[PDB]
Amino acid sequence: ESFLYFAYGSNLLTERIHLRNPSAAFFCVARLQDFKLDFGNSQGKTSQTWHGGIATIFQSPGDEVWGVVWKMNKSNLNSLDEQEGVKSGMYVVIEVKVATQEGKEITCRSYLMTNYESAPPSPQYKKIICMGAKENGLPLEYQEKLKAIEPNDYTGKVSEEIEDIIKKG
């Protein structure tokens, strides 16, 4: 009756995932080996939510990505696909096998872009990813990699709910 979702983007942050998925439950932190984090514009179009590149991953040996695994009810599948832009061609659904820090492999659903042009993330998007990694105790080493991601020069505003999340943190 449930599935596991691997989040490496803005759904690292508990407050953020719950906005549209309030029943999501923290399962654990995990590592996707041989993938690399990237940001970009789907179909070459800038996200009008985030106003910068949005998170995605691709196979890259030697590389890793840390994320948070959420447990969700199977009734939320279509909604999460809808959230991630699957019908509109923004992400594709993937199955990945991630590793917990005590050596356990977990099989999860996640999402990645197949057709994007690489592009830096907006500060607010960066900040949401940073807060989520810290909230959920991703490794400090990984957090520093995130802190070092150069953002674009967007100086306007995102949605008030996001903009208010940031003011709290």
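Residue positions are given as counts along the sequence shown, with the first one as 1.
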property: Largest Cα B-factor, entry values, listed residues 44, 132, 120, 123; result: 44
property: Relative C-alpha B-factor of residue 76, binned into the chain's lowest, middle or highest third; result: middle
property: Chain-wide C-alpha B factor ranking for residue 63, given as lowest, middle or highest third; result: lowest
property: Third of chain Cα B-factors occupied by residue 54; result: highest
property: Chain third (lowest, middle, highest) by recorded CA B-factor, residue given as residue 7; result: middle
property: CA B-factor ranking of residue 24, expressed as a third of its chain; result: lowest
